[PDB]
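Reckoned from all heavy atoms, side chains included, excluding hydrogens, waters and symmetry mates. Along the sequence shown, residues are numbered consecutively beginning with 1.
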Amino acid sequence: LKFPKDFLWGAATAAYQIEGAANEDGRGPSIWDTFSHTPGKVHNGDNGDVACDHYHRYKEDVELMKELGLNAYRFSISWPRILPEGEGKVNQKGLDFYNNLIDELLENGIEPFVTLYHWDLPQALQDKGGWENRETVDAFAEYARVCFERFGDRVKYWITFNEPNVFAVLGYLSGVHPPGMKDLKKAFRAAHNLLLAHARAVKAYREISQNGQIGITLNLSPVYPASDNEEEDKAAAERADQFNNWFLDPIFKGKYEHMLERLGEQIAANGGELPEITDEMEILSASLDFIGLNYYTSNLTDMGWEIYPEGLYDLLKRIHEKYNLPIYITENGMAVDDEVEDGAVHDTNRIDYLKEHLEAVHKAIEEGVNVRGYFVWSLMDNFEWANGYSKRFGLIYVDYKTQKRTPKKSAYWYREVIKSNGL
Ligand code: HEM
Ligand SMILES: [Mg+2]
């Protein structure tokens with residue numbers, strides 16, 4: 001099973017999950033700094049102040065990427081590390097770090113695959129409403145333009161938002177993620193501003209006219225756990241179904257030109273309050289060079305062992321057949337209760353997970369689906385949001401007391417997969 005000629009072999013991370021240095025070098029706080037320092041919001045009281053200390057250890061981490069032989073590396077830029085208040089003064093040391101990361105990746109032949117927004121909205125913007133406030137759209141447009149001007153000369157692949165469908169549900173409907181709302185009308189309002197923000201970032205990208213591609217990331221198969229009181233999960237599940245069904249409308253499913261109008265009219269229905277739209281609709285008519293898919297499991301509770309690589313194949317066909325755009329598997333991986341035993345981590349079940357999902361990807365590719373890349377989640381164990389560090393997704397084990405990286409068995413297997421360009 002060989003893969004296309006210039007296929008992207010990579011792994012993915014996100015800024016707040018690995019970087020650390022949360023309160024150093026001019027970085028402003030994100031809502032996840034606020035959230036993880038509030039009692040009872042994150043497992044075991046974990047936070048990402050230190051995380052993997054990737055901010056300080058990136059050269060060692062890139063060296064391990066080179067040992068794995070990664071074509072590309074997907075990461076996110078920390079918005080409050082570039083703009084501590086989300087807008088205005090640019091943090092110089094924050095630019096230096098990402099400029100250094102990008103040069104170090106290119107020096108070793110790893111292509112940056114850069115997410116603008118991976119959920120670390122600057123708290124200052126959240127103080128005045130976050131995505132409920134149209135000014136956050138203004139700030140995301142400026143912040144997107146800033147990364148395009150400082151880094152766009154070396155980054156070829158950009159992602160505006162990572163899973164805006166998941167963030168909307170978790171942060172505005174079930175309230176398990178910041179800003180912790182359980183309100184459907186607020187979620188539609190935030191989704192609307194998120195839509196404008198994406199289009200204005202896409203607009204800003206084409207005005208700078210760099211020869212690269214910009215897209216979005218979606219998790220069309222989201223799975224949410226069962227809390228510990230069923231009444232709220234019922235109310236959160238019912239709010240989520242109303243929100244998801246709205247975006248899965250049979251006649252206007254992927255047509256985001258009409259989605260913005262219907263959304264603003266639906267906002268106008270219950271609340272009104274809708275400001276002018278410059279040209280976003282004609283941007284959202286064709287807003288993507290590629291679509292990134294984040295696949296972990298399928299919706300059809302689990303016992304623990306069930307993997308659904310057949311569902312990733314099914315998703316790949318139907319997305320390809322309906323939207324006819326290049327597809328990147330921007331995230332795929334499995335959490336395992338990993339331990340280090342005599343310098344090794346035998347995560348063979350993770351090897352079986354990735355192996356089965358890759359032959360599903362190869363099946364889609366053989367039937368014409370234009371899959372251009374694959375990224376394991378994650379490159380290393382990291383801060384798994386509200387689960388804290390209790391969930392290890394990495395190809396590389398991180399011992400958080402010593403910050404030592406130990407490549408798991410899955411890392412050596414993946415190196416052989418990349419070297420063969422297939423299975
Ligand atoms: C503000 C940003 C966005 C939000 C909040 C959002 C929201 C959603 C939601 C809730 C779903 C359904 C999730 C599920 O399947 O359970 C969805 C599906 C989808 N979204 Fe969006 N979306 C956004 C941007 C976009 C854009 C800009 C595009 C493409 C130009 C896009 C393409 C799709 C596609 C292809 C699907 C799958 C629809 C299908 O089943 O045919 N999304 N989105
Ligand atoms: Mg073994």
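Of the candidates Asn165, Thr217, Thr330, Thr330 is the only one forming a side-chain hydrogen bond (donor to acceptor under 3.5 Å, both in side chains) with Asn294. Considering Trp385, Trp32, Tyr172, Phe161 as possible partners of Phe167, the one that fulfils the ring-ring contact (aromatic ring centres under 6.0 Å, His included) test is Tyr172.
Applying the salt bridge (charged side-chain N to carboxylate O under 4.0 Å, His left out) test to every pair with at least one member in residues 152-163, sequence neighbours left out, gives these pairs: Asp103-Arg154. The stretch residues 376-388 participates, sequence neighbours left out, in these salt bridge (charged side-chain N to carboxylate O under 4.0 Å, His left out) pairs: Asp381-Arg392, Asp381-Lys408.
Here the straight-line distance linking atom CZ of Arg57 with atom CD of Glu19 works out to 14.5 Å at 0.5 Å rounding. Distance NE2/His54 to NZ/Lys59: 12.0 Å, rounded to 0.5 Å. The OH atom of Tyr117 sits 10.5 Å away from atom OG of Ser76, with the distance rounded to the nearest 0.5 Å. Atoms CG and OH, on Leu293 and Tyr374 in that order, are 12.5 Å from each other to the nearest 0.5 Å. A distance of 8.0 Å separates CZ in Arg189 from CG in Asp183, rounded to the nearest 0.5 Å. Note: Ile18 CD1 to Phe75 CZ = 9.0 Å, rounded to the nearest 0.5 Å.
When all heavy atoms are compared, the tightest approach of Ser36 to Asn47 is OG-CB, 3.3 Å. What you find for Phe35 and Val176 is that their closest heavy atoms are CZ-O, 3.3 Å. Of all the heavy atoms in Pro250 and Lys253, the pair that sits closest is O-CE, 4.3 Å. Counting all heavy atoms, side chain and backbone alike, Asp233 lies closest to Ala226 at OD2-O, 2.8 Å. Considering every non-hydrogen atom in both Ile216 and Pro164, the closest pair reads CD1-CG, 4.0 Å. Across all non-hydrogen atoms, the minimal contact from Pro309 to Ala360 is O-CB, 3.2 Å.
The backbone N or O of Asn387 sits less than 3.5 Å from a side-chain atom of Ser390, completing a donor-acceptor pair. In this structure, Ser378 contributes its side chain and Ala12 its backbone to a donor-acceptor pair below 3.5 Å. Listed for the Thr160 side chain is no donor-acceptor partner under 3.5 Å among the backbone atoms of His198.
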Side chains of residues 140-148: which donor-acceptor partners sit under 3.5 Å, not counting sequence neighbours?
from: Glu142; atom 1: OE2; to: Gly88; atom 2: N; distance (Å): 3.3
from: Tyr143; atom 1: OH; to: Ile77; atom 2: O; distance (Å): 3.1
from: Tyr143; atom 1: OH; to: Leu116; atom 2: O; distance (Å): 2.6

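Electrostatic pairing of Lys234 and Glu230 does not count as a salt bridge here, judged by no charged N lying under 4.0 Å from a carboxylate O. Classification of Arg74 and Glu331 as a salt-bridged pair holds, one side-chain N sitting under 4.0 Å from a carboxylate O. Between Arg239 and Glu232 there is a salt bridge, since a side-chain N of the basic residue sits under 4.0 Å from a carboxylate O of the acidic one. For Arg200 and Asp138, the salt-bridge test passes: some basic side-chain N is under 4.0 Å from an acidic carboxylate O.
Counting non-hydrogen atoms of other residues, nucleotides and ligands closer than 6.0 Å to CD of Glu149 gives a total above 12. Around CG of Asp302, the count of heavy atoms belonging to other residues, nucleotides or ligands within 6.0 Å exceeds 12. Within a 6.0 Å radius of CG in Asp279, other residues, nucleotides and ligands contribute more than 12 heavy atoms. Heavy atoms of other residues, nucleotides or ligands lying less than 6.0 angstrom from CG of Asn299 number more than 12. More than 12 heavy atoms of other residues, nucleotides or ligands lie within 6.0 Å of CD in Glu321, so this atom counts as buried by the packing criterion. Annotation for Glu366: atom CD does not count as buried by contact number, only 12 or fewer foreign heavy atoms lying within 6.0 Å. Within 6.0 Å of CD in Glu265 there are more than 12 heavy atoms belonging to other residues, nucleotides or ligands.
Listed by chain and residue number, nothing satisfies the salt bridge (charged side-chain N to carboxylate O under 4.0 Å, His left out) test with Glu60 (two or more places apart in sequence, or in another chain). Residues that satisfy the side chain to side chain donor-acceptor pair (under 3.5 Å) test with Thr34, not counting sequence neighbours, are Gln123. Under the side chain to side chain donor-acceptor pair (under 3.5 Å) criterion, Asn421 pairs with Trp9, sequence neighbours left out. Among residues two or more places apart in sequence or in another chain, the salt bridge (charged side-chain N to carboxylate O under 4.0 Å, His left out) test is passed with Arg262 by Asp249. With sequence neighbours left out, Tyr412 forms a ring-ring contact (aromatic ring centres under 6.0 Å, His included) with no residue at all. Remark: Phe247 pairs with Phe243 by the ring-ring contact (aromatic ring centres under 6.0 Å, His included) rule, at least two apart or across chains. Partners of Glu367 according to the salt bridge (charged side-chain N to carboxylate O under 4.0 Å, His left out) rule, which considers only residues two or more places apart in sequence or in another chain, are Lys317. Taking the side chain to side chain donor-acceptor pair (under 3.5 Å) definition, one finds that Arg150 meets it with nothing, sequence neighbours left out. Applying the side chain to side chain donor-acceptor pair (under 3.5 Å) rule to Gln403 yields the partners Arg405; only residues at least two apart in sequence or on another chain are considered.
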Run the side chain to side chain donor-acceptor pair (under 3.5 Å) test on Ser30 and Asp33 for me, step by step, so that the C-alpha distance in whole Å, both residues' side-chain angles and the decisive distance to 0.1 Å come before the verdict.
CA-CA 5 Å; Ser30 76; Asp33 297 274; 3.0 Å; yes
Could you check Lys203 against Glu207 for salt bridge (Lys or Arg N to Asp or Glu O under 4.0 Å), going step by step and ending with a plain yes or no?
CA-CA 6 Å; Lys203 175 163 171 253; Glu207 312 304 54; 5.2 Å; no
Could you give me the CA-CA distance, side-chain angles and deciding distance for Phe188 and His192, then say whether ring pair (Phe, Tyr, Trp, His ring centres under 6.0 Å) is met?
CA-CA 6 Å; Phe188 279 126; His192 183 86; over 10 Å; no
Go through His37 and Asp49 one step at a time and tell me if the side chain to side chain donor-acceptor pair (under 3.5 Å) criterion holds.
CA-CA 10 Å; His37 286 257; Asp49 294 347; 2.8 Å; yes
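Donor-acceptor pairing under 3.5 Å is lacking for the side chains of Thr115 and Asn162. Under the 3.5 Å distance criterion, with hydrogens and angles disregarded, a donor-acceptor pair is assigned to the side chains of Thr402 and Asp399. Counted by atom type alone, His56 and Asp53 present one or more donor-acceptor pairs between their side chains at under 3.5 Å. Between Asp347 and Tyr353, the side chains place no donor N or O within less than 3.5 Å of an acceptor N or O (distance only, hydrogens not considered).
Under the 30°/60° scheme for interplanar angles, the aromatic rings of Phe113 and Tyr157 are found to lie parallel.
The side-chain heavy atoms of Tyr400 and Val50, taken from C-beta on, include no pair separated by under 4.5 Å.
Separation of the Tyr16 and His118 ring centroids does not fall under the 6.0 Å cut-off.
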